[PDB]
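Both ligands and their constituent atoms are indexed starting at 1 by order of listing. We number each residue from 1, following the sequence as shown. Atoms considered below: every heavy atom in the structure, side chains included; atoms not considered: hydrogens, waters and symmetry mates.
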Amino acid sequence: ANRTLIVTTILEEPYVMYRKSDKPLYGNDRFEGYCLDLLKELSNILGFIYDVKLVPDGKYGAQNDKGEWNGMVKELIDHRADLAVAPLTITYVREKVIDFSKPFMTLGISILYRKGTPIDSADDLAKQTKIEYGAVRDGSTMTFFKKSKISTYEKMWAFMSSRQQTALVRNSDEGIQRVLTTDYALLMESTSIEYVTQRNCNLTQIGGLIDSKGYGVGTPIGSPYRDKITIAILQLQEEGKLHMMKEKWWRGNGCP
Ligand SMILES: N[C@@H](C[C@]1(C(=O)O)C[C@H]2OC[C@@H](O)[C@H](O)[C@H]2O1)C(=O)O
């Protein structure tokens, strides 16, 4: 039989979540969400079974000064996993070191905050000095700011970096808790802002999208699966299945 593929992933609602049960769950059955449905579809098309493993360091992946990667990106570079199936952003820096599939979803960075402020854009956010802001540590949003040559975003990076110990949060849940309980705005991908703001009516998006990009399945460079995964994603795209999956996991609208 075909070797069981190792899938690296990360907990992120509604992509990958713990299933709630009153009885024991083991292996892949512990997880549910958009990315688990995606895996069920992809595996049917490609002819494999798989083993879902949460990334040990709990990170998406960024490179340090020495050029060393961490998170799911490192798992792929080091051939610890066959595929990364997660809300994993397709970026220039990552594409040089792993092989991404074509995108299964598009999104852009925007701002998550509470309601009631006059802040209406990243320019407003960077200029004012009343509320702090940051991003999840070692993801693509952090890297977007780290790499930017746009003045507003360079300032925002300098600010985030100066207060990194505090401004850069471990995960999105810590980020949202910080937004809810302190004067802190979270830089977050728009599809995640969409999800949270239809559930917690105290939260809102600030401004529009500051970029545009996609999520893709990651594989190690040279992977014999990437092209087959791309073909399968295009099939799911054209058949309307990706759209159906988004509707299933984001349903519905709960806030004014
Ligand atoms: N997709 C990113 C990870 C992350 C981000 O950096 O925004 C981290 C986490 O942040 C919240 C929201 O943007 C989304 O659920 C997640 O995106 C990546 O591939 O590095």
Taking only heavy atoms of [X], which atoms of ligand 1 are found under 4.0 Å from at least one of them?
{"X": "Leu88", "value": "19 (O)"}
{"X": "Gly139", "value": "6 (O), 20 (O)"}
{"X": "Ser192", "value": "12 (C), 14 (C), 15 (O)"}
{"X": "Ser172", "value": "11 (C)"}
{"X": "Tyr215", "value": "1 (N)"}

Problem set entry | Result of checking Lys246, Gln205, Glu189 against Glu194 for side chain to side chain contact (heavy atoms under 4.5 Å, CB included) |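 Testing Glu194 for a side chain to side chain contact (heavy atoms under 4.5 Å, CB included) against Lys246, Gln205, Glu189 leaves exactly one candidate, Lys246.
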Problem set entry | Given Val16, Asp29, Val85, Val7, the one that forms side chain to side chain contact (heavy atoms under 4.5 Å, CB included) with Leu36 | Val16
For this session: Starting from the C-alpha separation in whole Å, work towards a yes-or-no answer on side chain to side chain contact (heavy atoms under 4.5 Å, CB included) for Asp82 and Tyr50.
Result: CA-CA 9 Å; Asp82 295 288; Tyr50 51 92; over 6 Å; no
Exercise. What distance do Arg178 atom CZ and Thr166 atom OG1 have between them, rounded to the nearest 0.5 Å?
Worked result: 3.5 Å
For this session: With rounding to the nearest 0.5 Å, note down the distance linking SG in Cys255 to CG in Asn200.
Result: 7.0 Å
Problem set entry | Derivation and outcome, side chain to side chain contact (heavy atoms under 4.5 Å, CB included), residues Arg80 and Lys53 | CA-CA 10 Å; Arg80 304 295 190 179; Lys53 293 183 183 179; over 6 Å; no
Who's closest to [atom] heavy-atom-wise, of [options]?
{"atom": "atom 6 (O) of ligand 1", "options": "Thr141, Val196, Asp173, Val73", "answer": "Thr141"}
{"atom": "atom 20 (O) of ligand 1", "options": "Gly175, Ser190, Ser140", "answer": "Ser140"}
{"atom": "atom 19 (O) of ligand 1", "options": "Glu12, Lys213, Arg94", "answer": "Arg94"}

Below 3.5 Å, N or O to N or O, backbone or side chain included: is there any such pair between [X] and ligand 1?
{"X": "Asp138", "result": "no"}
{"X": "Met188", "result": "no"}
{"X": "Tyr60", "result": "no"}

For this session: Taking the six-membered ring of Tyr92 (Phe, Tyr or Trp), confirm whether the NZ or CZ of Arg94 is under 6.0 Å from its centre and within 45° of its axis.
Result: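 Cation-pi check for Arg94 and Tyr92: fails.
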Exercise. Quick one: do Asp57 and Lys74 make a salt bridge, cutoff under 4.0 Å?
Worked result: no
Exercise. How far is atom 17 (O) of ligand 1 from its nearest protein heavy atom, and which residue and atom is that?
Worked result: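 The protein heavy atom lying closest is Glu189 OE1, 3.1 Å.
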Problem set entry | Structural part of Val136 in contact with ligand 1, heavy atom criterion under 4.0 angstrom | side chain
Exercise. Do you know which of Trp157, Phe159, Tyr153 makes ring-ring contact (aromatic ring centres under 6.0 Å, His included) with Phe145?
Worked result: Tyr153
